[PDB]
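Peer 1: Sending over final04.tsv (TSV, C-alpha atoms).
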```
chain	number	residue	atom	x	y	z
U	3	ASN	CA	104.05	66.57	74.21
U	4	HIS	CA	100.35	66.28	75.19
U	5	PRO	CA	100.74	68.01	78.60
U	6	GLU	CA	97.01	68.37	79.44
U	7	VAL	CA	96.42	64.63	78.83
U	8	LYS	CA	99.27	63.66	81.21
U	9	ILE	CA	98.48	66.36	83.80
U	10	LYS	CA	94.88	65.04	83.74
U	11	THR	CA	96.21	61.44	84.03
U	12	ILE	CA	98.59	62.10	86.97
U	13	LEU	CA	96.25	64.23	89.14
U	14	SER	CA	93.34	61.81	88.50
U	15	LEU	CA	95.45	58.83	89.68
U	16	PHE	CA	96.86	60.85	92.63
U	17	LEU	CA	93.44	61.73	94.11
U	18	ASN	CA	91.88	58.26	93.40
U	19	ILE	CA	89.18	59.57	91.03
U	20	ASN	CA	88.19	59.02	87.38
U	21	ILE	CA	89.53	61.36	84.64
U	22	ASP	CA	85.97	62.50	83.82
U	23	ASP	CA	85.32	63.56	87.44
U	24	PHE	CA	88.52	65.66	87.70
U	25	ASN	CA	88.22	69.35	86.73
U	26	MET	CA	91.17	71.47	85.54
U	27	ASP	CA	89.32	74.68	86.48
U	28	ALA	CA	88.70	73.55	90.10
U	29	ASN	CA	90.75	74.62	93.15
U	30	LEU	CA	93.16	71.87	94.36
U	31	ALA	CA	93.23	73.27	97.95
U	32	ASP	CA	89.78	71.94	99.00
U	33	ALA	CA	88.07	70.95	95.72
U	34	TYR	CA	90.11	67.74	96.12
U	35	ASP	CA	91.52	68.37	99.64
U	36	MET	CA	95.26	67.94	99.02
U	37	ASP	CA	97.49	69.64	101.60
U	38	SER	CA	101.02	71.17	101.36
U	39	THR	CA	103.02	67.97	101.47
U	40	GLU	CA	100.78	66.04	99.03
U	41	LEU	CA	101.45	68.90	96.59
U	42	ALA	CA	105.20	68.46	97.28
U	43	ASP	CA	104.80	64.72	96.54
U	44	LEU	CA	102.94	65.56	93.29
U	45	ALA	CA	105.71	68.03	92.35
U	46	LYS	CA	108.22	65.13	92.45
U	47	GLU	CA	106.03	63.05	90.09
U	48	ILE	CA	106.00	66.03	87.67
U	49	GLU	CA	109.84	66.28	87.89
U	50	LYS	CA	110.18	62.57	87.07
U	51	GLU	CA	107.59	62.65	84.24
U	52	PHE	CA	108.71	65.68	82.19
U	53	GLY	CA	112.41	65.94	83.21
U	54	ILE	CA	112.21	69.44	84.72
U	55	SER	CA	113.22	70.95	88.09
U	56	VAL	CA	110.77	72.42	90.63
U	57	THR	CA	111.39	74.07	94.04
U	58	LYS	CA	109.14	74.78	97.06
U	59	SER	CA	108.47	78.35	95.92
U	60	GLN	CA	107.29	77.04	92.52
U	61	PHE	CA	105.11	73.99	93.36
U	62	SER	CA	103.42	75.66	96.39
U	63	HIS	CA	101.73	78.26	94.11
U	64	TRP	CA	99.73	75.60	92.15
U	65	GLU	CA	96.06	76.20	93.07
U	66	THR	CA	94.42	74.87	89.86
U	67	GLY	CA	95.09	71.87	87.60
U	68	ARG	CA	95.77	74.31	84.74
U	69	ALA	CA	98.36	76.16	86.89
U	70	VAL	CA	100.37	72.90	86.92
U	71	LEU	CA	100.09	72.60	83.09
U	72	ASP	CA	101.22	76.21	82.46
U	73	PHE	CA	104.36	75.67	84.59
U	74	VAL	CA	105.31	72.54	82.61
U	75	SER	CA	104.77	74.23	79.21
U	76	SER	CA	107.02	77.18	80.14
U	77	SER	CA	109.74	74.87	81.56
U	78	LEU	CA	109.82	72.70	78.40
U	79	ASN	CA	109.76	75.87	76.23
U	80	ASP	CA	112.70	77.48	78.07
Y	1	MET	CA	83.57	76.32	127.57
Y	2	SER	CA	85.81	75.26	124.66
Y	3	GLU	CA	89.50	76.24	124.43
Y	4	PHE	CA	91.77	77.22	121.52
Y	5	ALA	CA	95.49	78.03	121.18
Y	6	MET	CA	97.44	80.26	118.79
Y	7	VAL	CA	100.48	78.88	116.93
Y	8	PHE	CA	103.02	81.11	115.15
Y	9	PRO	CA	104.95	79.93	112.06
Y	10	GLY	CA	108.74	79.93	111.73
Y	11	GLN	CA	111.03	80.36	108.72
Y	12	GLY	CA	109.87	79.27	105.25
Y	13	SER	CA	106.26	80.48	105.75
Y	14	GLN	CA	107.07	83.92	104.27
Y	15	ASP	CA	106.14	84.66	100.63
Y	16	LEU	CA	105.57	87.66	98.34
Y	17	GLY	CA	102.39	89.68	98.90
Y	18	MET	CA	101.61	88.13	102.30
Y	19	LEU	CA	98.77	89.96	104.13
Y	20	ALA	CA	97.86	91.83	100.88
Y	21	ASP	CA	94.17	90.88	101.26
Y	22	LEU	CA	94.15	91.70	105.01
Y	23	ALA	CA	95.96	95.06	104.51
Y	24	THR	CA	93.03	96.39	102.43
Y	25	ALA	CA	90.49	95.24	105.07
Y	26	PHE	CA	92.50	96.51	108.10
Y	27	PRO	CA	94.69	99.68	108.36
Y	28	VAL	CA	96.47	98.27	111.48
Y	29	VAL	CA	98.36	95.71	109.31
Y	30	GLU	CA	100.29	98.41	107.39
Y	31	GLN	CA	100.73	100.41	110.64
Y	32	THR	CA	102.55	97.41	112.21
Y	33	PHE	CA	105.01	97.17	109.28
Y	34	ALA	CA	105.37	101.00	109.37
Y	35	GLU	CA	106.46	100.77	113.04
Y	36	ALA	CA	108.90	97.98	112.09
Y	37	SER	CA	110.21	100.04	109.13
Y	38	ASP	CA	111.20	102.93	111.47
Y	39	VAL	CA	113.40	100.50	113.44
Y	40	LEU	CA	114.89	98.75	110.39
Y	41	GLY	CA	115.56	101.90	108.30
Y	42	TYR	CA	113.84	100.54	105.16
Y	43	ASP	CA	110.20	100.09	104.14
Y	44	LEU	CA	109.57	96.48	105.26
Y	45	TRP	CA	106.07	96.46	103.72
Y	46	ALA	CA	107.52	97.55	100.34
Y	47	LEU	CA	110.09	94.71	100.51
Y	48	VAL	CA	107.40	92.09	101.27
Y	49	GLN	CA	104.90	93.07	98.53
Y	50	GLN	CA	107.19	94.14	95.65
Y	51	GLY	CA	109.97	91.63	96.46
Y	52	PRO	CA	112.21	90.22	95.16
Y	53	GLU	CA	112.01	86.96	97.17
Y	54	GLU	CA	115.79	86.47	97.05
Y	55	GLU	CA	116.07	89.48	99.40
Y	56	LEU	CA	113.10	88.18	101.45
Y	57	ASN	CA	114.91	84.80	101.88
Y	58	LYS	CA	117.94	86.53	103.54
Y	59	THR	CA	117.52	85.52	107.21
Y	60	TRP	CA	118.12	88.99	108.75
Y	61	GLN	CA	115.37	90.42	106.46
Y	62	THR	CA	113.22	87.24	106.58
Y	63	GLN	CA	112.59	87.19	110.33
Y	64	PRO	CA	111.54	90.86	110.87
Y	65	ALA	CA	108.99	90.38	108.04
Y	66	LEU	CA	107.58	87.23	109.72
Y	67	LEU	CA	107.50	88.96	113.13
Y	68	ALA	CA	105.75	92.05	111.72
Y	69	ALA	CA	103.36	89.79	109.76
Y	70	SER	CA	102.49	87.52	112.71
Y	71	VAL	CA	101.98	90.42	115.18
Y	72	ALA	CA	99.80	92.25	112.59
Y	73	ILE	CA	97.34	89.30	112.61
Y	74	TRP	CA	97.29	89.31	116.45
Y	75	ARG	CA	96.61	93.08	116.46
Y	76	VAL	CA	93.68	92.59	114.03
Y	77	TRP	CA	92.37	89.74	116.24
Y	78	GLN	CA	92.65	91.91	119.38
Y	79	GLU	CA	91.15	94.98	117.59
Y	80	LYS	CA	88.01	93.09	116.46
Y	81	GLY	CA	87.53	91.76	120.03
Y	82	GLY	CA	88.28	88.07	119.55
Y	83	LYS	CA	88.30	85.31	122.16
Y	84	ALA	CA	91.41	85.12	124.37
Y	85	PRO	CA	93.64	82.08	123.64
Y	86	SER	CA	94.31	79.49	126.37
Y	87	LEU	CA	97.90	78.75	125.26
Y	88	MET	CA	100.57	80.07	122.89
Y	89	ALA	CA	103.41	78.31	121.04
Y	90	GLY	CA	105.74	79.18	118.16
Y	91	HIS	CA	107.99	77.31	115.73
Y	92	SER	CA	111.62	78.46	115.25
Y	93	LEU	CA	111.09	82.27	115.08
Y	94	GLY	CA	107.48	81.87	116.33
Y	95	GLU	CA	108.73	81.97	119.95
Y	96	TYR	CA	109.63	85.64	119.35
Y	97	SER	CA	106.22	86.24	117.70
Y	98	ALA	CA	104.48	84.47	120.62
Y	99	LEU	CA	106.56	86.33	123.25
Y	100	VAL	CA	105.72	89.69	121.59
Y	101	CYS	CA	102.00	88.75	121.46
Y	102	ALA	CA	102.18	87.42	125.05
Y	103	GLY	CA	103.54	90.79	126.32
Y	104	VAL	CA	107.01	89.49	127.26
Y	105	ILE	CA	109.01	91.53	124.71
Y	106	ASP	CA	108.18	94.94	123.18
Y	107	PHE	CA	107.39	94.89	119.43
Y	108	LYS	CA	109.86	97.59	118.31
Y	109	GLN	CA	112.54	96.14	120.63
Y	110	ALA	CA	111.89	92.64	119.23
Y	111	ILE	CA	112.47	93.84	115.62
Y	112	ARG	CA	116.05	94.90	116.54
Y	113	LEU	CA	116.63	91.62	118.43
Y	114	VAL	CA	115.19	89.53	115.57
Y	115	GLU	CA	117.14	91.44	112.86
Y	116	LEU	CA	120.36	91.23	114.90
Y	117	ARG	CA	119.73	87.52	115.62
Y	118	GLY	CA	119.67	86.92	111.84
Y	119	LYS	CA	123.01	88.73	111.41
Y	120	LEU	CA	124.69	86.78	114.26
Y	121	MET	CA	123.51	83.46	112.77
Y	122	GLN	CA	124.83	84.52	109.33
Y	123	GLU	CA	128.25	85.39	110.85
Y	124	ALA	CA	128.50	81.83	112.26
Y	125	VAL	CA	127.47	80.02	109.06
Y	126	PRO	CA	128.21	82.07	105.88
Y	127	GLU	CA	125.98	82.08	102.77
Y	128	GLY	CA	126.27	78.76	100.88
Y	129	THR	CA	128.07	76.95	103.74
Y	130	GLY	CA	124.90	75.25	105.09
Y	131	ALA	CA	121.39	74.20	104.07
Y	132	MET	CA	118.20	72.57	105.43
Y	133	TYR	CA	116.26	69.51	104.17
Y	134	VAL	CA	112.70	68.39	105.03
Y	135	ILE	CA	112.64	64.57	105.01
Y	136	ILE	CA	109.10	63.18	104.59
Y	137	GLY	CA	107.82	59.61	105.02
Y	138	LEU	CA	110.49	58.05	107.24
Y	139	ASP	CA	110.89	57.22	110.96
Y	140	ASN	CA	113.15	59.23	113.29
Y	141	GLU	CA	115.70	56.43	113.98
Y	142	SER	CA	116.32	55.84	110.25
Y	143	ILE	CA	116.85	59.59	109.69
Y	144	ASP	CA	119.02	59.87	112.83
Y	145	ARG	CA	121.15	56.92	111.64
Y	146	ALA	CA	121.45	58.30	108.07
Y	147	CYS	CA	122.99	61.56	109.36
Y	148	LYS	CA	125.61	59.70	111.46
Y	149	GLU	CA	126.60	57.37	108.58
Y	150	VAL	CA	127.26	60.21	106.11
Y	151	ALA	CA	128.57	62.90	108.54
Y	152	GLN	CA	132.28	62.20	107.86
Y	153	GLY	CA	133.58	64.56	110.56
Y	154	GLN	CA	131.05	67.31	109.72
Y	155	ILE	CA	128.01	68.54	111.65
Y	156	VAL	CA	124.72	66.91	110.57
Y	157	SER	CA	121.69	66.34	112.82
Y	158	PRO	CA	117.87	66.10	112.72
Y	159	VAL	CA	116.73	69.40	114.26
Y	160	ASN	CA	112.99	70.07	113.69
Y	161	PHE	CA	110.56	67.29	114.65
Y	162	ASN	CA	107.49	68.80	113.01
Y	163	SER	CA	105.32	65.66	112.84
Y	164	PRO	CA	105.55	61.84	112.75
Y	165	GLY	CA	106.92	61.22	109.24
Y	166	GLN	CA	108.30	64.76	108.81
Y	167	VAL	CA	111.75	65.71	110.21
Y	168	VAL	CA	114.02	68.59	109.14
Y	169	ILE	CA	117.82	68.16	109.14
Y	170	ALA	CA	120.45	70.92	109.20
Y	171	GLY	CA	124.24	71.17	109.08
Y	172	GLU	CA	127.04	71.66	106.55
Y	173	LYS	CA	125.69	71.92	102.98
Y	174	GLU	CA	127.42	68.95	101.29
Y	175	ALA	CA	126.99	66.81	104.43
Y	176	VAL	CA	123.24	67.59	104.48
Y	177	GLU	CA	123.05	66.96	100.69
Y	178	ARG	CA	124.87	63.62	101.08
Y	179	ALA	CA	122.66	62.82	104.13
Y	180	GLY	CA	119.47	63.64	102.18
Y	181	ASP	CA	120.34	61.09	99.48
Y	182	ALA	CA	120.93	58.40	102.16
Y	183	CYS	CA	117.45	59.05	103.62
Y	184	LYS	CA	115.82	58.68	100.16
Y	185	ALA	CA	117.82	55.43	99.81
Y	186	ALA	CA	116.42	54.18	103.16
Y	187	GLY	CA	112.81	54.67	101.92
Y	188	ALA	CA	111.95	58.34	102.60
Y	189	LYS	CA	108.95	59.58	100.59
Y	190	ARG	CA	110.87	62.77	99.75
Y	191	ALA	CA	113.95	64.77	100.84
Y	192	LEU	CA	112.89	68.36	100.02
Y	193	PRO	CA	115.49	71.16	100.43
Y	194	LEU	CA	114.17	74.32	102.11
Y	195	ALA	CA	115.14	77.72	100.70
Y	196	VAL	CA	116.50	78.92	104.06
Y	197	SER	CA	119.69	81.02	104.33
Y	198	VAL	CA	121.13	79.51	107.55
Y	199	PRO	CA	121.05	76.00	109.11
Y	200	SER	CA	119.24	76.71	112.39
Y	201	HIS	CA	119.03	74.68	115.63
Y	202	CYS	CA	122.33	72.76	115.11
Y	203	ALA	CA	125.83	72.81	116.68
Y	204	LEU	CA	127.04	75.39	114.09
Y	205	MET	CA	124.76	78.01	115.75
Y	206	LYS	CA	126.41	77.81	119.23
Y	207	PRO	CA	129.01	80.50	118.34
Y	208	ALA	CA	126.06	82.77	117.40
Y	209	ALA	CA	124.09	81.64	120.50
Y	210	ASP	CA	126.98	82.70	122.79
Y	211	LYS	CA	126.74	86.21	121.29
Y	212	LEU	CA	122.91	86.10	121.55
Y	213	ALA	CA	123.19	85.30	125.30
Y	214	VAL	CA	124.87	88.69	125.91
Y	215	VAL	CA	122.22	90.54	123.79
Y	216	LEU	CA	119.23	89.30	125.80
Y	217	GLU	CA	120.77	90.57	129.08
Y	218	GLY	CA	120.52	94.13	127.70
Y	219	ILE	CA	116.88	93.72	126.59
Y	220	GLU	CA	113.93	94.05	129.02
Y	221	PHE	CA	111.59	91.07	129.62
Y	222	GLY	CA	108.09	91.58	131.08
Y	223	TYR	CA	105.69	89.04	132.61
Y	224	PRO	CA	103.76	86.88	130.08
Y	225	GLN	CA	99.99	87.52	129.81
Y	226	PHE	CA	99.35	84.20	128.02
Y	227	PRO	CA	101.27	80.92	128.62
Y	228	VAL	CA	104.06	80.46	126.02
Y	229	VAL	CA	105.32	76.90	125.39
Y	230	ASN	CA	108.96	76.98	124.22
Y	231	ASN	CA	110.39	74.75	121.45
Y	232	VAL	CA	113.58	73.53	123.16
Y	233	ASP	CA	112.12	72.27	126.49
Y	234	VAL	CA	108.33	72.09	125.84
Y	235	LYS	CA	107.82	74.11	129.02
Y	236	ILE	CA	106.13	77.34	130.16
Y	237	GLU	CA	108.48	79.84	131.83
Y	238	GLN	CA	107.16	82.79	133.88
Y	239	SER	CA	110.48	84.36	134.99
Y	240	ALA	CA	112.60	86.52	132.67
Y	241	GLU	CA	115.89	84.64	133.29
Y	242	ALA	CA	114.39	81.27	132.26
Y	243	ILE	CA	112.92	82.69	129.02
Y	244	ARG	CA	116.28	84.29	128.04
Y	245	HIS	CA	118.18	81.02	128.62
Y	246	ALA	CA	115.51	79.14	126.60
Y	247	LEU	CA	115.98	81.50	123.61
Y	248	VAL	CA	119.78	80.99	123.73
Y	249	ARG	CA	119.43	77.19	123.99
Y	250	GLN	CA	116.74	77.23	121.25
Y	251	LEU	CA	119.35	78.44	118.74
Y	252	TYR	CA	121.61	75.32	119.03
Y	253	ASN	CA	119.08	72.64	120.16
Y	254	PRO	CA	116.24	70.88	118.25
Y	255	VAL	CA	112.60	72.04	117.97
Y	256	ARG	CA	110.23	69.54	119.64
Y	257	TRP	CA	107.05	70.56	117.79
Y	258	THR	CA	105.36	67.12	117.93
Y	259	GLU	CA	105.59	67.19	121.75
Y	260	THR	CA	104.57	70.89	121.81
Y	261	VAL	CA	101.31	70.14	119.95
Y	262	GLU	CA	100.66	67.07	122.15
Y	263	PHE	CA	101.28	69.19	125.29
Y	264	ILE	CA	98.72	71.75	124.02
Y	265	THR	CA	96.26	68.85	123.52
Y	266	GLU	CA	96.77	67.75	127.17
Y	267	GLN	CA	95.56	71.18	128.46
Y	268	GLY	CA	92.05	70.78	126.95
Y	269	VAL	CA	92.75	72.74	123.74
Y	270	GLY	CA	90.38	71.62	120.95
Y	271	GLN	CA	91.59	73.84	118.06
Y	272	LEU	CA	94.76	75.55	116.79
Y	273	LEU	CA	94.88	78.86	114.87
Y	274	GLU	CA	97.98	79.55	112.76
Y	275	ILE	CA	98.59	83.26	113.46
Y	276	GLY	CA	100.87	84.02	110.50
Y	277	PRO	CA	101.43	83.66	106.73
Y	278	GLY	CA	100.95	80.41	104.79
Y	279	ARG	CA	99.47	77.20	106.24
Y	280	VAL	CA	102.55	75.22	107.37
Y	281	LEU	CA	101.63	74.48	111.00
Y	282	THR	CA	97.99	73.69	110.05
Y	283	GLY	CA	99.08	70.77	107.83
Y	284	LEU	CA	101.22	69.35	110.66
Y	285	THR	CA	98.34	69.37	113.20
Y	286	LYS	CA	96.27	66.55	111.64
Y	287	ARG	CA	99.40	64.39	111.16
Y	288	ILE	CA	100.36	64.76	114.84
Y	289	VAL	CA	96.91	64.22	116.46
Y	290	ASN	CA	94.18	63.64	113.74
Y	291	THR	CA	91.24	64.60	116.03
Y	292	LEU	CA	92.56	68.14	116.68
Y	293	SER	CA	91.15	70.65	114.17
Y	294	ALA	CA	93.12	73.61	112.80
Y	295	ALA	CA	92.97	76.57	110.40
Y	296	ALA	CA	95.33	79.29	109.11
Y	297	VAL	CA	94.45	82.94	109.82
Y	298	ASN	CA	96.41	84.72	107.04
Y	299	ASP	CA	93.69	86.76	105.20
Y	300	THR	CA	90.29	88.43	105.84
Y	301	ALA	CA	88.16	85.42	104.82
Y	302	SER	CA	90.01	83.12	107.24
Y	303	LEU	CA	90.02	85.87	109.91
Y	304	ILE	CA	86.21	86.11	110.06
Y	305	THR	CA	85.54	82.33	109.94
Y	306	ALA	CA	88.11	81.68	112.69
Y	307	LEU	CA	86.76	84.59	114.76
Y	308	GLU	CA	83.12	83.49	114.28
Y	309	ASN	CA	83.65	79.91	115.55
Y	310	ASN	CA	85.63	80.61	118.73
```
Mind turning this structure into structure tokens?

Peer 2:
Amino acid sequence: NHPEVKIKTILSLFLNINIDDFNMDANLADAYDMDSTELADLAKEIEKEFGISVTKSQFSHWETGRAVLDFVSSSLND
Amino acid sequence: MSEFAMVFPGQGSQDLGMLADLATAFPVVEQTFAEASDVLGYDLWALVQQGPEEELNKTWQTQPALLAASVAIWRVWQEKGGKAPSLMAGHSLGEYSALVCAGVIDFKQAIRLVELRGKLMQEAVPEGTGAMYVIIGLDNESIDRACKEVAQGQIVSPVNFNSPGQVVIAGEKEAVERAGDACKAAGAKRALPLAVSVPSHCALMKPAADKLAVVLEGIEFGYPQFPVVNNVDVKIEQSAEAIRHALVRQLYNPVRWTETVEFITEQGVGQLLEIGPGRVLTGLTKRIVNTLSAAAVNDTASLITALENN
């Protein structure tokens, strides 16, 4: 429950910025400058948080903060 | 005068709809895959775009797609009239991409070699027998130990040394899976399994490498236009015999990518361009050196920016 609040919380704490400063619409690639591996490290935090599985093909496609949310909602639904 | 080098990605950099943006901007991209499709006997472009990935992850179909993709970027670079690179280097399959771009092997001939290479590797290790694991955030000794502790009379070894704090292991599936848990226990940041069909660069590939040694004797090998640094030795070979023996030894010996990037840095190279899909080798560059810039040329936007600087 409350995915957006937690997805906002995790990505804010990951990038060392306030919640207010983080933007869900913005592009993770160089809006916040997180590379391939940092995204793989984030993916593991999402697995641990929600209790869902993610693979390289899946987590590599996350460009926005909302793209991470939409994955989690579909995984918990299915 | 500044200097730049081109680096070609290996296996795992392929994804669905790669070069879709660049194909609209340049007709030569689809012409390269069309030439490769005549060799293969199926529409390689249609497989890449439409999918499904599960077919694209099959090593004998994976590698021709990466070769046709990587060469298509080089052809666009050479068509526009870009600056000539000082050095070349290629990870895993990238040697074949670099050797084709360097003028050592013919493109259509390389597609047969690269397809066949995938089949020979698959005959050695069947599907589901082996797997590969990227281990992040741990030193090389601790990873090297962890494989020996959990081997239990089965082949496990660290094979790709991509960067400091990133090593790939390969071997028998359960032995790699049991080894990956031991590395996470030792304090590895993550043990991520790759979606790769065959465990490359390990002792299981030597049966396939012995067959590959006889293949390369049939194939013609020209003189390289650009210097190509191999994975296995971190050395530039001019003669045909030395390049053939390097490609055989590549198949069952580790990739020394950290040393390859450092060797490129020693020859006055200030920037690396990833000539291929994704951005895998770009992310490694800063971890290896930190002061060496890099960028991935996989679409039109990146093509122009990269071309404009150099």

Peer 1: Given all atoms listed in the file as the basis, pick out the residue of U:60, U:18, U:3, U:25 nearest to chain Y.

Peer 2: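 Among the listed residues, U:60 lies closest to chain Y.
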
Peer 1: Calculated over all atoms listed in the file, which of the candidates Y:93, Y:214, Y:243, Y:191 has the smallest distance to residue Y:135?

Peer 2: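 Residue with the minimum atom-to-atom distance to residue Y:135: Y:191.
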
Peer 1: Please provide the set of residues having any atom within 7 Å of stretch 197-211 of chain Y, restricted to all atoms listed in the file, with same-chain residues fewer than 5 positions apart removed, written as a list in words.

Peer 2: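 Surrounding residues, per the criterion: residues 57, 58, 59, 120, 121, 122, 124, 125, 127, 130, 131, 132, 155, 157, 159, 170, 171, 248, 250, 251, 252, 253 and 254 of chain Y.
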
Peer 1: Give the residues of chain U that lie within 9 Å of chain Y; count only C-alpha atoms, and format the answer as a list in words.

Peer 2: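 Here is what falls inside 9 Å: residues 37, 38, 39, 42, 43, 46, 57, 58 and 59 of chain U.
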
Peer 1: The selected residues should be written to file as a short mmCIF file (atom, residue, chain, number, x, y, z; two decimals), in the coordinates of the input (atoms: C-alpha atoms).

Peer 2:
```
data_model
loop_
_atom_site.label_atom_id
_atom_site.label_comp_id
_atom_site.auth_asym_id
_atom_site.auth_seq_id
_atom_site.Cartn_x
_atom_site.Cartn_y
_atom_site.Cartn_z
CA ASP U 37 97.49 69.64 101.60
CA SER U 38 101.02 71.17 101.36
CA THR U 39 103.02 67.97 101.47
CA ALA U 42 105.20 68.46 97.28
CA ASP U 43 104.80 64.72 96.54
CA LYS U 46 108.22 65.13 92.45
CA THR U 57 111.39 74.07 94.04
CA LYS U 58 109.14 74.78 97.06
CA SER U 59 108.47 78.35 95.92
#
```

Peer 1: So what do you get for atom CA of residue Y:260 versus atom CA of residue Y:9, distance-wise?

Peer 2: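 Interatomic distance here is 13.3 Å.
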
Peer 1: For atom CA of residue U:33 and atom CA of residue Y:310, quote the distance in Å rounded to one decimal.

Peer 2: 25.1 Å

Peer 1: Which residue out of U:78, U:41, U:15, U:54 has the minimum interatomic distance to residue U:66 when all atoms listed in the file are used?

Peer 2: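 Checking each candidate against residue U:66, we get U:41 as the closest.
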
Peer 1: Report, in Å to a single decimal, how far apart atom CA of residue Y:272 and atom CA of residue Y:288 are.

Peer 2: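 Between atom CA of residue Y:288 and atom CA of residue Y:272 the gap works out to 12.3 Å.
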
Peer 1: Tell me which of Y:33, Y:287, Y:196, Y:50 sits closest to residue Y:137, counting all atoms listed in the file.

Peer 2: Y:287

Peer 1: Hey, what's within 9 Å of residue Y:255 if we count only C-alpha atoms and toss same-chain stuff fewer than 3 positions away? As a PDB file with C-alpha atoms, keeping the file's coordinate frame, please?

Peer 2:
```pdb
ATOM      1  CA  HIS Y  91     107.990  77.310 115.730  1.00  0.00           C
ATOM      2  CA  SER Y  92     111.620  78.460 115.250  1.00  0.00           C
ATOM      3  CA  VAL Y 159     116.730  69.400 114.260  1.00  0.00           C
ATOM      4  CA  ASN Y 160     112.990  70.070 113.690  1.00  0.00           C
ATOM      5  CA  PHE Y 161     110.560  67.290 114.650  1.00  0.00           C
ATOM      6  CA  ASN Y 162     107.490  68.800 113.010  1.00  0.00           C
ATOM      7  CA  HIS Y 201     119.030  74.680 115.630  1.00  0.00           C
ATOM      8  CA  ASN Y 230     108.960  76.980 124.220  1.00  0.00           C
ATOM      9  CA  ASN Y 231     110.390  74.750 121.450  1.00  0.00           C
ATOM     10  CA  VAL Y 232     113.580  73.530 123.160  1.00  0.00           C
ATOM     11  CA  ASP Y 233     112.120  72.270 126.490  1.00  0.00           C
ATOM     12  CA  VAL Y 234     108.330  72.090 125.840  1.00  0.00           C
ATOM     13  CA  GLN Y 250     116.740  77.230 121.250  1.00  0.00           C
ATOM     14  CA  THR Y 258     105.360  67.120 117.930  1.00  0.00           C
ATOM     15  CA  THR Y 260     104.570  70.890 121.810  1.00  0.00           C
TER      16      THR Y 260
END
```

Peer 1: Measuring atom to atom with all atoms listed in the file, identify which of Y:276, Y:94, Y:180, Y:165 is nearest to residue Y:74.

Peer 2: Y:276

Peer 1: Name the residues in contact with residue Y:107 at a cut-off of 9 Å, using only C-alpha atoms, excluding same-chain residues fewer than 5 positions from it; report them as a list in words.

Peer 2: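 With the cut-off at 9 Å, the set is residues 35, 36, 67, 68, 71, 97, 100 and 101 of chain Y.
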